[PDB]
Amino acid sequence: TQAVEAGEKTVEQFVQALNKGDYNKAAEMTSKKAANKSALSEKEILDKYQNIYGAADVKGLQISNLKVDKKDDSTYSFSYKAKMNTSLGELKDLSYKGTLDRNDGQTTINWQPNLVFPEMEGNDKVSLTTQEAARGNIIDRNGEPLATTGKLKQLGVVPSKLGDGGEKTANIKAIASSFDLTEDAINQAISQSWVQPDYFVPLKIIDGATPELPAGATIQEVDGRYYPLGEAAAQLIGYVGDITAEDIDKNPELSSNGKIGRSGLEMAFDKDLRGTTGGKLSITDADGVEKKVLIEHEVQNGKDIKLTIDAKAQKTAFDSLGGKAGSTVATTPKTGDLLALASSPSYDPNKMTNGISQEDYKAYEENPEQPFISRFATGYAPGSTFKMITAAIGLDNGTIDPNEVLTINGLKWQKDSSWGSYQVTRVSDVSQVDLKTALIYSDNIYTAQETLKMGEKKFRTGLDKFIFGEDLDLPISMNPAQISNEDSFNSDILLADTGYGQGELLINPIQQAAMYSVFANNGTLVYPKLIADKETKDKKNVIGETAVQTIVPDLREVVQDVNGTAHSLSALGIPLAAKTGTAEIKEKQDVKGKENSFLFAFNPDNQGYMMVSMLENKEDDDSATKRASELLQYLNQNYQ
């Protein structure tokens, strides 16, 4: 039985080498070329597998049900079932069979062309025909296009019809000034090594009306992905890029001639958007007549995907950031629909997917404000806005009396001398501060004191009812929000800092809109939702209903009171509840401290919408509040 042991080993070593793509090592386990031995030599077995398995992009060959028996005295017969992955899907239940050879102290495989595919004879060919699937569309809550396939106007030049000598320089300057192009860049395009004097050298895509075409300029229609909102939704949607040979090795079911999502929803929903390649993989005669069809099915185009996004709100939210670093999240807080996910600054996804220069791409990467960051999915310290949560927790466990008045003298405060030179700082020197006053003026010292009075254990008990540590069901890469680095603060200072939204808190804007939704649902947290068809999910009894009825009237005062931190929003004349905030940061970079500005705002009459905006590393006298009027006007009109 020691012979069939070595035969089973030989067959599995042969299958392993085929699975790994080392066709040479597989061929060197075959017998000499003869009639009842190997049908081909080693070098032509190599080329057989390399051409056929390479044409169909075979990957992941694995066998089962291996039986090795005895035929003659030195001839052992094997058989097994097998499956493999190709460019047209998985190929299952393949019945392979053959014979072995025990000559000296080694066993080899009598190779036959039926060990490539079952039922191949001598000189049979393999044919593969494919039809590429059309990529699906991404559309908003009202069916407007966010990412669609269609026809684009491609501009290029033919160096021959452009002219020579001084005739050339005049036309090149005419092209460069008629389409906003660098005169030195048109020459670098026509000077590339691939160019022949008569070829059409593409230059850029024209996304509007095309002016007069000077001599040598041409315009050709071409199919390609198009993003109608451009940079206004680049971080969310993403972009597609040309598929590489290294992508095909990872997943053979891609179209080597098509596009793959590189970031954003295009990448998160690539499998649903790309569809499936249609076609047929068949074995033919030495002539070419069809012997057996191995795989065949029709092309299935990609499904469309409907988002909760509002295209008008998304554009308004992004424009309001004015190219500064920041982000804005808008929801309908009773259902969790994500109306807008803006991040700024941004990149051009149309320029990204239609070929971008090395310099322009580096300008994006070297940009200190980093336009590639999805800021709506990046953990930040929430800032003073978080005082709402601490207050609601304090009202639930009875630590905070809404009418008790703390007496605060000055702008700085510390628990005792053990804090050293550290002090909680506030902006307004109000002496008598109750809860309503602390929310109107945004008083850290009040919140820091009520947090320390509450204590860590009661503070965390309230915080644990939220979504810290949870993974939201969203097709957006993000990390779970955290209260702090460890399970305990181990610091009175860190406890007070966390009270008014500083410390080691990390919560991204989407997770913030989820937590703050309790004030629009009588203490019920409503999870955010991006896919329009999905069902609303929530989480009851996060904070008490009594706390909501207490805090929301005070949040109205943040807008209506003449000294409220959001009083500029009272100009809108719409029912508003708001809370502004500030987070001071930086630690191991520059000496000057950087400041983040926050705004939370929702309609407290109908709970129709909710907004969380931020400015990262704000310039002086800039704030999220002074930029929010236009989006609030829109959301109030169209989402009651």
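Residue positions are given as counts along the sequence shown, with the first one as 1.
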Item to check | Other entries modelling both neighbours but not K292, at least a third | outcome: no
Checklist entry - For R102, does the count of other compared entries lacking it reach at least a third? => result yes
Checklist entry - Comparing 182 to 190 with 351 to 359, where is the mean C-alpha B-factor higher? => result 182 to 190
Checklist entry - Between 552 to 560 and 100 to 108, which has the higher average C-alpha B-factor in the PDB entry? => result 100 to 108
Item to check | Given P333, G501, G544, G224, the residue at which the Cα B factor reaches its maximum | outcome: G224
Checklist entry - With respect to the C-alpha temperature factors reported in the PDB entry, which of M478, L213, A234, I243 ranks highest? => result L213
Checklist entry - Lowest, middle or highest third: where is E630 by Cα B-factor in its chain? => result middle
Checklist outcome for this item: By the entry's values, the third containing the CA B factor of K259 is the middle
Next on the checklist: For the chain shown, is the CA B-factor of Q300 in the lowest, middle or highest third of its modelled residues?
Outcome noted: highest
Checklist entry - Once the chain's modelled residues are ordered by C-alpha B factor and cut into thirds, is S64 in the lowest, middle or highest one? => result highest
Item to check | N51 - Cα temperature factor, lowest/middle/highest third of chain | outcome: middle
